[PDB]
Amino acid sequence: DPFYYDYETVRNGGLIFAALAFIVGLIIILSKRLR
Amino acid sequence: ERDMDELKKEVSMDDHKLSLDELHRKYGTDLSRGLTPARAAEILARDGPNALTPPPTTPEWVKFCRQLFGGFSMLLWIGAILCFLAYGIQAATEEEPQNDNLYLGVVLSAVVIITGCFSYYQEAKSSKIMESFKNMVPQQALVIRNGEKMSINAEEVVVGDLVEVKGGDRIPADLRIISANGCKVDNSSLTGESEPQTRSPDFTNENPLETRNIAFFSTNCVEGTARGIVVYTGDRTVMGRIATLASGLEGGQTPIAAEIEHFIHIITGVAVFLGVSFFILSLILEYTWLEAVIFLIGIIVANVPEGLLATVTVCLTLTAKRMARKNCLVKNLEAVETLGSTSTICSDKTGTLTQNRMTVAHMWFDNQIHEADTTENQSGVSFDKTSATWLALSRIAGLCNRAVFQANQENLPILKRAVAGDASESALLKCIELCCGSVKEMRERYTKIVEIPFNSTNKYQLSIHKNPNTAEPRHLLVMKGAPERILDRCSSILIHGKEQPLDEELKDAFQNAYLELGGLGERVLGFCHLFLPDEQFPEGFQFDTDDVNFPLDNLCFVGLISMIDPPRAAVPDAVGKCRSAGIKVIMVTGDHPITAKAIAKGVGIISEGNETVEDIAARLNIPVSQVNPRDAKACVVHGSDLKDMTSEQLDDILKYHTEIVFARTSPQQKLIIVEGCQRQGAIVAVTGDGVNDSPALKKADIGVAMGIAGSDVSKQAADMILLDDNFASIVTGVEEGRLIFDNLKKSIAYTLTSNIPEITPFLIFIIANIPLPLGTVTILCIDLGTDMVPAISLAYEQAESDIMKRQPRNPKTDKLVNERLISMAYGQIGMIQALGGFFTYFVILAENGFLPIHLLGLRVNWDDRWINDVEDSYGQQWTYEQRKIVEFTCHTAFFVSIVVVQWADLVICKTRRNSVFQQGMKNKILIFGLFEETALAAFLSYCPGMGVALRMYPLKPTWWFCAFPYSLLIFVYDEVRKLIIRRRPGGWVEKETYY
Amino acid sequence: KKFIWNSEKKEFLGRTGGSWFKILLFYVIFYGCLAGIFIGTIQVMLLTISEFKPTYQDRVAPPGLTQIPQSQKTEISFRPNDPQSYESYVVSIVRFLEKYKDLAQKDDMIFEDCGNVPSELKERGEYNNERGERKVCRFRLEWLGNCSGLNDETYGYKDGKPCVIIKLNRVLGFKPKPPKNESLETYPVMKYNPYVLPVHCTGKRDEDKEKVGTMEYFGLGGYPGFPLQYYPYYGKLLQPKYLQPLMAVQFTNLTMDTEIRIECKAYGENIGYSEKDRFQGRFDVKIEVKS
Ligand SMILES: *[C@@H]1O[C@H](CO)[C@@H](O[C@@H]2O[C@H](CO)[C@@H](O[C@@H]3O[C@H](CO[C@H]4O[C@H](CO[C@H]5O[C@H](CO)[C@@H](O)[C@H](O)[C@@H]5O)[C@@H](O)[C@H](O)[C@@H]4O)[C@@H](O)[C@H](O[C@H]4O[C@H](CO)[C@@H](O)[C@H](O)[C@@H]4O)[C@@H]3O)[C@H](O)[C@H]2NC(C)=O)[C@H](O)[C@H]1NC(C)=O
Ligand SMILES: *[C@@H]1O[C@H](CO)[C@@H](O[C@@H]2O[C@H](CO)[C@@H](O[C@@H]3O[C@H](CO[C@H]4O[C@H](CO)[C@@H](O)[C@H](O)[C@@H]4O)[C@@H](O)[C@H](O[C@H]4O[C@H](CO)[C@@H](O)[C@H](O)[C@@H]4O)[C@@H]3O)[C@H](O)[C@H]2NC(C)=O)[C@H](O)[C@H]1NC(C)=O
Ligand SMILES: CCCCCCCC/C=C\CCCCCCCC(=O)OC[C@H](COP(=O)(O)OCC[N+](C)(C)C)OC(=O)CCCCCCC/C=C\CCCCCCCC
Ligand SMILES: CCCCCCCCCCCCCCCCCC(=O)OC[C@H](COP(=O)([O-])OCC[N+](C)(C)C)OC(=O)CCCCCCCCCCCCCCCCC
Ligand SMILES: CCCCCCCCCCCCCCCCCC(=O)OC[C@H](COP(=O)([O-])OCC[N+](C)(C)C)OC(=O)CCCCCCCCCCCCCCCCC
Ligand SMILES: CCCCCCCCCCCCCCCCCC(=O)OC[C@H](COP(=O)([O-])OCC[N+](C)(C)C)OC(=O)CCCCCCCCCCCCCCCCC
Ligand SMILES: CC(C)CCC[C@@H](C)[C@H]1CC[C@H]2[C@@H]3CC=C4C[C@@H](O)CC[C@]4(C)[C@H]3CC[C@]12C
Ligand SMILES: CC(C)CCC[C@@H](C)[C@H]1CC[C@H]2[C@@H]3CC=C4C[C@@H](O)CC[C@]4(C)[C@H]3CC[C@]12C
Ligand SMILES: CC(C)CCC[C@@H](C)[C@H]1CC[C@H]2[C@@H]3CC=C4C[C@@H](O)CC[C@]4(C)[C@H]3CC[C@]12C
Ligand SMILES: [Mn+2]
Ligand SMILES: [Mn+2]
Ligand SMILES: [Mn+2]
């Protein structure tokens, strides 16, 4: 079926990235030793 | 306001008639020791804190609701209401309808809730931090409890407490005078007249206001000292009933916020005009009545920077906190912006530039210079302690002294103990106690009959003592003061024990020694005494102090004593930065011109090369009157000359001089200097610590009062309080004042940049008739949802390296929002961001089947919900929702492109003068915003269900990188622009783009 | 008037003439370089996609079923007695049907005759220009029973017997596959031709199924659908005069002056449906012959 683009792959990649960036931002804003 | 002389004269009932025994038995207080701490706490918990009832505080559920239903949120609320109403209208019509209008309304409501919550969070942070200053340095009251005198919080004062106030002290509460010695209070705030009225324990008048044994609340002790007993506290005070209901503050206008309000009203007017014009345009374009309000809301949102006021509040409170942490307490929020515009700083020499820690180092007696005060190694002095003249010098230096040592000090040395008196008197005490003996015995033998304190009228001290010897005429007069003035009041000098007439040679030698010690940066004091003849003044003679009868002139000069007072540590660096920032610093002291000149030259006030008229005359051996007045860049104006000068001469000296130093200037003359400085069109900052400085502190643009040695009058009469009295703190505050302007402008340049890329899609959609590239839901998620944190991150940026290398700013011409700022946000960066978003839009549409050229004019059939046969560039047929999904994917891509270009815009906005590589990414909140907005966009694009909720669909990977070149282009362009501005100051680039 | 213009330094609206020209020239080189870089990026982007095949096609899949004439809200209501109440529908039907007359398909190089009955798909090969243009399977309007624009120009609208021609969304590189006889147990009864993609019109509610009347399906070879021999489509670059297969439906013996919503649905393996897009695979038409 050359009419179906695997959207679950991109969706999971984007969600994983969003979670990673959110955890990093949370660590930066709530930094323990990043002064 | 008929609240004075009418609502005060009748509400009055006191106990001034009660005697010491009646007062003691009524209030129950130890007149000689004060109440016990236990009783003090008992009364504090019984009557309540010594304060006025505060105004009602709005609860937490009031501000939140008032923000939720605010002004801007009202448009979104009405939009959501219209959407819900349209969904109900569609539910009554055709069965099985869609939930598009319902989802749109729910989205608008969720957006309103999030916006209100974030705004309330920031407003709560601002109000909570602002309140932190009211409890930074509370006002203290010196009370006497359990015999000991201690300083406690003003609100901890209870009725009956034994309170003691002195010159410059604020009256804690209504008191009943018990003991007083020449106390003068100012009832200007009470009766109106500023004439100081004396206060005495004796009952003088039955009226409480006219009596002399009562001190009222809010008044201040101008001169003297007294002890009273609290008769009324808190709201019960006489002045309290008036100050709680008739002394409320008015509507003080803050220009830093007013300018933003004006710019906000103009941008709001233009935004609403474009919104209504587009509303009618869309209505004419055969569009739904609800879609017209949707386009209107989107345009207003993307064109009105609704967080500007919040950004201003955040920047102001943050810098206020910064100044507070750096020994600069701003009493009001307006002074925080006046500091950045400071151009003339009239500081004092003793107390601010120096540490006021004097130490006796050199002396002059027997026509010789003597160093002394050995390093407490019992080495004594460099001369013999048996010198006859030295005895007559130490005698008048210890007897005329008024300072004494406190208790619990006989276990540690004299060079590290505590004293009670003048710094000069403390140095003299530590000197005569380290090389002569004990002053407790010398002052006891020579019993003092009458003493004249230091007065501006006399300009000298005085003390008459009976001598217990046998070959003296039972009377010894001792006095110290200005060495020059003490010299003119004497006819003889003591040389190795023999008194000889003071000839011209001795006076010339004295002048040489004075110039020698004064050029060393030391304050010199003159001393003299006289053995009044016994024939004229017998043993029973009574010297009158009020009616001077004893001889005041023709005394016997004994010697000079000089002490060292080193300047503060960062003072040389502070004046260097001030000279490097175009801020004129003026020294205002009451010391001798030689000492003031030497200290000014040493601390950096008078840098190398600059000479005064006197220096030029001495260098070319010509009379000072022959020298050209304009040939001296610096000058040392004497007090006598300032008194006999006119406004013209004042403007002349203050205009054609770069380094001015006013010596022997009384503290009252500071007002004239401040007026003359303001007359030259300069924002003046003046330092004050005494009570006489108040006119100068109130008249000046920025009154800085000493927080340690400064009295309550100066603190309440000033605009800023120096927590450490260090001059370097003023420069630090000026720098932070410039920092608020810098960060506010950088933040504005960023919040306004997002306007062009967010509003251009509609303009092209209407002029080029291409499918809508950016939707309203996307615009809301951008402005109100992602750039909420980045817009504030620009406030936490640090200062550039050129913050202290630029000229001061004048508020009359330099404003925040200027033409160069708009030319940057709307003309250069905005255009690049819009092109980047459009590029990604064309990429998506071309990759899905619609070539960029073919898209022109297709919007008519694109929005048509029944033409489900749209032919693409390849000839394929698309339905309505099929192509609408692509348009929405384009909206999401445009949003991602917006975030991408926002990264570069935020980075380049961190600095406006230096390169991003010099400033660095030390801003943690900025990086946090950089990560959070990208993560939020990624979530809004990849979260499941968003395709049917927010109409945002997943974005393919090969698209997230479409706007990268535009981001890099913005970055390189801003860096090269800043590079050209750095390499060519005052150039066209600077005069055209430097906002 | 001072801000409007001042004669001291020749300042107009706020700035002098020299600065006016300086900013005009700077803004011209700037906006020019920006639009030039924009066009450059646009061309670099165009050099990525192909000219005879789009880089992404999942957005147009499955194809959507459409009807002719295009009517607002898919409502076809007219007065059979009125000679003008149906003029719009016939006008839009003819505007599209004229492209299928025997006169348009004259040239033999571009128009080739394909099987008069459902046959196998005519795969032209590869999506390139190696063979230049491609032939187009001719389609005579006569394949439509009574509504062809040859014998009856009213198409039935004059006697209250509408003919709503059905059409399949053209998609490049799509190979339709009709349902197999093995799974034939849910869709209604219709001719089973493995070489034709069928379509069946039904009512929408219990009232519609009763008041519709008698469906008369017209298509190539008498089969209710589209012959598989007319696919795949190679786009406007390879087959510019490509004619898509057609099929019409006649609604005879219908209730007069009553709104009836009918739904024609296409079946097949690669033909799906959607809850939000009511035109993907199936479509609904509302008719009312108010005589
Ligand atoms: C949609 O297309 C179809 C294509 O097939 C058309 O179908 C026609 O429908 C009409 C109407 O029902 C039918 O007429 C019936 O004919 C019956 C007997 O006809 C016989 O002779 C026909 C041949 O002679 C005719 O046809 C040729 C062309 O084919 C003409 O040139 C010629 O001059 C003649 O006119 C045979 O073809 C047919 O098979 C028979 O052998 C009649 O019994 C019938 O009358 C009954 O019904 C009437 C209506 O209620 C009623 O009033 C009467 O009292 C009686 O009860 C009716 O007339 C055709 O048979 C049928 N086929 C053809 C080929 O015409 C259809 O017309 C078209 N729709 C429209 C709207 O035009
Ligand atoms: C396909 O379409 C046709 C045409 O609409 C339908 O047949 C009927 O056709 C006639 C036209 O001549 C329509 O008009 C008239 O309707 C009147 C209403 O009465 C109705 O209700 C009574 C109940 O008491 C029924 O018994 C009666 O049959 C009607 O349905 C009638 O009074 C008229 O009478 C004429 O017809 C009858 C029966 O045909 C004759 O016996 C009489 O002598 C007289 O000539 C006439 O019927 C009528 O409305 C149409 N009926 C409808 C629309 O239901 C076909 O029914 C339709 N096909 C299908 C499957 O429904
Ligand atoms: C003070 C606090 C601040 C917070 C700020 C952050 C705000 C975050 C906003 C929303 C959070 C979302 C939470 C999780 C939502 C997913 C729920 C879920 O599990 O749903 C899963 C299903 C997926 O189905 P499927 O994959 O089979 O798709 C097939 C459908 N087909 C075939 C038609 C394509 O989805 C469905 O069915 C139903 C889809 C429901 C989606 C709900 C998303 C939100 C909807 C309305 C709220 C709007 C908030 C907007 C805030 C924006 C702020 C900028
Ligand atoms: C049918 C087409 C309709 C097109 C409508 C286009 C509208 C464009 C406007 C978008 C938003 C603009 C917001 C401006 C907000 C300004 C706020 C402010 O206080 O600015 C003060 C600033 C001034 O700052 P100031 O007042 O603080 O400082 C003044 C300094 N002195 C005194 C020296 C001057 O305003 C400006 O600098 C001027 C901005 C002018 C902007 C003009 C935009 C014109 C738009 C032309 C579009 C043409 C389209 C042609 C299409 C053809 C198609 C075939
Ligand atoms: C799975 C995805 C994860 C994504 C994580 C994304 C995080 C995004 C947050 C920021 C990134 C985007 C902005 C970067 C801004 C860098 C600004 C800067 O110059 O900082 C200098 C500064 C300079 O300051 P300094 O402190 O290092 O130097 C100071 C020097 N003195 C002391 C003399 C003043 O340093 C940094 O910011 C350190 C980090 C730099 C990170 C750079 C990343 C990009 C690198 C090259 C550009 C892209 C090239 C792409 C080539 C592609 C080829 C195919
Ligand atoms: C073949 C080469 C390919 C290169 C590909 C790109 C590689 C990455 C490009 C840059 C990354 C490294 C940057 C180092 C920057 C300087 C760091 C520094 O601290 O210098 C301090 C100096 C400042 O020194 P200073 O003396 O002022 O500060 C130090 C003060 N003390 C000593 C007290 C600590 O930096 C500068 O003056 C910066 C000038 C920058 C001018 C830039 C002009 C062009 C605009 C952007 C340039 C390109 C950006 C990247 C574009 C990438 C595109 C893909
Ligand atoms: C160093 C700086 C300038 C670059 C910024 C980081 C870039 C490379 C990051 C930011 C967000 C990232 C994207 C986040 C989510 C996805 C979805 C995933 O399924 C494929 C990768 C993709 C598309 C990522 C590619 C890398 C990306 C675009
Ligand atoms: C792409 C096309 C249609 C839009 C072109 C917009 C032009 C006509 C508009 C857009 C923004 C405008 C600029 C906005 C701000 C200023 C600053 C002012 O001190 C001089 C005029 C100047 C420089 C304007 C000149 C006209 C200008 C450049
Ligand atoms: C040294 C500098 C100037 C190189 C600049 C390279 C430019 C021309 C490159 C860098 C990134 C590129 C883009 C990266 C990703 C995509 C998505 C793809 O599906 C179509 C092409 C497109 C839109 C590219 C077009 C060309 C592009 C913008
Ligand atoms: Mn003072
Ligand atoms: Mn003031
Ligand atoms: Mn924005």
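Residues numbered from 1 in each chain as written, not as in the entry; some residues may be left out. Chains lettered and ligands numbered in written order. Heavy atoms only, no water.

Here we come to the sheet that holds strand β25 (residues 702-706) of chain B. All names here are of chain B. With respect to topology, eight strands assemble into an open sheet ordered β8-β26-β25-β24-β9-β21-β23-β22, the strand pairing being mixed. Strand pairing shows two members of the sheet lacking a second neighbour, β8 (328-330) and β22 (634-637), which therefore form its edges. Looking at each pair of strands side by side, their axes are set apart by 20 degrees on average, direction ignored. Bridging between strand β21 (residues 584-588) and strand β23 (residues 659-662) involves two bridges; their strand directions are parallel. Counterpart to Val 588 in the pairing with β23 is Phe 662. With respect to the sheet, helix α18 (residues 593-603) is in contact with β21, β22 and β23, its orientation differing from that of β21 by roughly 150 degrees. The strands touched by helix α25 (residues 727-751) are β8, β9 (344-347), β21, β24 (684-688) and β26 (720-722); relative to β9, the strand with the most contacts, the crossing angle is about 160 degrees. (Pairing = 2+ DSSP bridges. Helix = DSSP H or I, 4+ residues; strand = E, 2+ residues; numbered from the N terminus. Axes fitted to C-alpha atoms, helices over the stretch in contact; angles between N-to-C directions. Contact = heavy atoms within 4.5 Å.)

In the vicinity of ligand 4, 14 residues are found, and the nearest of them are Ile267(B), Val817(B), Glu819(B), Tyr826(B) and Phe3(C). More than one chain reaches ligand 4: its neighbouring residues belong to chains B and C. Measuring from an oxygen atom of ligand 4, one finds a backbone N or O atom of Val817(B) at 3.0 Å. Secondary-structure elements contributing two or more residues to the shell around ligand 4 are α7 (255-284), α26 (755-767) and α29 (819-848) of chain B. Per-element tally for the shell around ligand 4: the top contributor is α7(B), with five residues. Class assignment of the residues belonging to the shell around ligand 4 gives a composition of ten nonpolar, three polar and one charged. (Near = heavy atom within 4 Å. Polar contact = N/O pair within 3.5 Å; in protein donor to acceptor, adjacent residues only side chain to side chain. Nonpolar A, V, L, I, M, F, W, Y, C, P; charged D, E, K, R; others polar.)

This part takes up a nonpolar patch on the surface. On the surface, a cluster of nonpolar side chains totalling about 630 Å² of accessible area is made up of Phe22(A), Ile23(A), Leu26(A), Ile27(A), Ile29(A), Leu30(A) and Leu34(A). Structurally, the position occupied by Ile29(A) is in helix α1 (residues 7-29). (Patch = residues over 30% accessible without salt bridge, like charges linked within 9 Å, V, L, I, M, F, W, Y side chains within 5 Å. Areas by Shrake-Rupley, 256 points an atom, 1.4 Å probe, with all protein chains shown as cover. Salt bridge = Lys/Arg side-chain N within 4 Å of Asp/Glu carboxyl O.)

Next up on the list: the site of ligand 3. Around ligand 3, the surrounding shell consists of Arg11(A), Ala110(B), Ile114(B), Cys781(B), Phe939(B), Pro944(B), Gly945(B), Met946(B), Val948(B), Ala949(B) and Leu950(B). Bordering ligand 3 are residues originating from chains A and B. Calculation on ligand 3 without its partners gives an accessible area of 1,200 Å², and the protein chains cover 43% of this total. Counting only elements with at least two residues in the shell around ligand 3, the list comes to α5 (100-131) and α34 (946-949) of chain B. Across the shell around ligand 3, the residue classes break down as nine nonpolar, one polar and one charged.

Turning our attention to the domain arrangement of chain C. Here the domain parsing of chain C yields domain 1 (1-49) and domain 2 (50-291). Each of domain 1 of chain C and domain 2 of chain C has a C-alpha centre, and the two are 54 Å apart. (Domains from an automatic or database assignment.)

Looking now at the UniProt feature "disulfide bond" in chain C. Residues and elements named next belong to chain C. Per UniProt, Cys 114 and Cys 137 form a disulfide, and the coordinates bear that out, putting the sulfurs 2.0 Å apart. One end of the pair, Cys 114, is in the loop between β6 (111-112) and β7 (136-137); the other, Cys 137, is in strand β7, with 23 residues separating them in the sequence. The same class applies to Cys 114 and to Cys 137, which are both buried. Of the UniProt disulfides, the one joining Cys 201 and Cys 264 is intact in these coordinates, the sulfur pair sitting 2.0 Å apart. Separated by 63 residues along the polypeptide, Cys 201 in strand β9 (residues 196-202) and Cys 264 in strand β13 (residues 260-266) bring together distant segments of the chain. Just as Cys 201 is buried, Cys 264 falls in that class too. (Disulfide = S-S within 2.5 Å. UniProt positions renumbered as here; feature names shortened; annotations may be inferred. Buried < 20%, exposed > 50% of the residue type's maximum accessible area, 1.4 Å probe, protein only.)

Counted according to the given criterion, the structure contains 58 salt bridges over all chains. Notably, a salt bridge pairs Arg278(C) with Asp284(C), separated by 3.6 Å at the nearest N-O pair. Its relative accessible area of 23% is what places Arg278(C) among the partly exposed residues. Residues joined in a network through salt bridges with shared partners are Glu96(B), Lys204(C), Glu263(C), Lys265(C), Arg278(C), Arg282(C) and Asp284(C).

Here we take up the state of the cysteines. One pass over the full model with this rule turns up three disulfides over all chains. Here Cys147(C) is linked by a disulfide to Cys163(C), with a sulfur-sulfur distance of 2.0 Å. Looking down the S-S bond of the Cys147(C) and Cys163(C) bridge, the torsion is -55 degrees, so its handedness is left-handed. Of this pair, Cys147(C) sits in the loop between β7 and β8 (165-168) while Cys163(C) sits in the loop between β7 and β8; the two residues are 16 residues apart in sequence, bridging distant segments of the chain. Each of the two residues, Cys147(C) as well as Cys163(C), counts as buried. Here the bonded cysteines of chain C are numbered in sequence order, and their pairing is 1-2, 3-4, 5-6. Residue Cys65(B) stays outside any disulfide, its sulfur separated by 10 Å from that of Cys117(B), the closest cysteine.

Our next topic: unusual backbone geometry. For residues that are not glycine, phi is negative in most cases, and the peptide bond is trans in most cases. For the bond from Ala61(C) to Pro62(C), the omega torsion is -5 degrees, close enough to zero to count as cis. Summarising the element assignment, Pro62(C) is placed in the loop between α1 (17-46) and β4 (65-68). Look at the link from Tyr231(C) to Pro232(C): it is a cis peptide, with omega at 0 degrees. Among the secondary structure elements, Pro232(C) is positioned in the loop between β11 (225-227) and α4 (235-238). If you check the backbone angles, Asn367(B) has positive phi at about 55 degrees while not being a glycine. Positive phi values are uncommon outside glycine, yet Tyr155(C) reaches one of about 65 degrees.

Another point: the interface of chain B and chain A. Chain B puts 14 residues into the contact, and the matching count from chain A is 16 residues. For the pair chain B and chain A, the summed buried surface comes to about 1,400 Å²; carbon and sulfur atoms form 81% of the total. Per-residue buried area on chain B facing chain A is highest for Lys924(B), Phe928(B) and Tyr942(B); these three make up 37% of the total on that side. Here chain B and chain A share zero salt bridges between them. In this structure, the connection of chain B to chain A is made through zero residue pairs in polar contact. (Buried area = accessible area lost by both parts, 1.4 Å probe.)

Residues and elements named next belong to chain C. The sheet built from three strands is open, its strands ordered β1-β2-β3 with antiparallel pairing. Looking at which strands have only one partner, the edges of the open sheet turn out to be β1 (5-6) and β3 (15-16). Two strands pair when backbone bridges link them, and strand β2 (residues 11-12) and β3 are joined in this way by two bridges, in the antiparallel orientation. Within β3, the residue paired with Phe 12 across the bridge is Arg 15.

Nonpolar side chains in soluble globular proteins generally cluster together in the buried interior. Among the nonpolar cores identified, the biggest contains 100 residues, and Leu76(B), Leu845(B), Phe850(B) and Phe38(C) are the most heavily contacted of them. Broken down by element, this core gets its largest block of residues, 16 residues, from helix α31 (residues 880-909) of chain B. Apart from the residues lying within four places of it in its own chain, the contact partners of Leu845(B) are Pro771(B), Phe850(B), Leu855(B), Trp862(B), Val886(B) and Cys890(B). Listed in part, the 69 residues of the second largest apolar core include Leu308(B), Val330(B), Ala634(B) and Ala728(B). (Core = buried A, V, L, I, M, F, W, Y, C linked by side-chain atoms within 4.5 Å.)

The subject of this paragraph is the UniProt feature "transmembrane region" (unreviewed entry) in chain A. Those residues carrying the UniProt feature "transmembrane region" (unreviewed entry) are residues 13-31 of chain A in this numbering. Here residues 13-31 of chain A runs as 89% helix and 0% strand, with 26 Å between its end C-alpha atoms.

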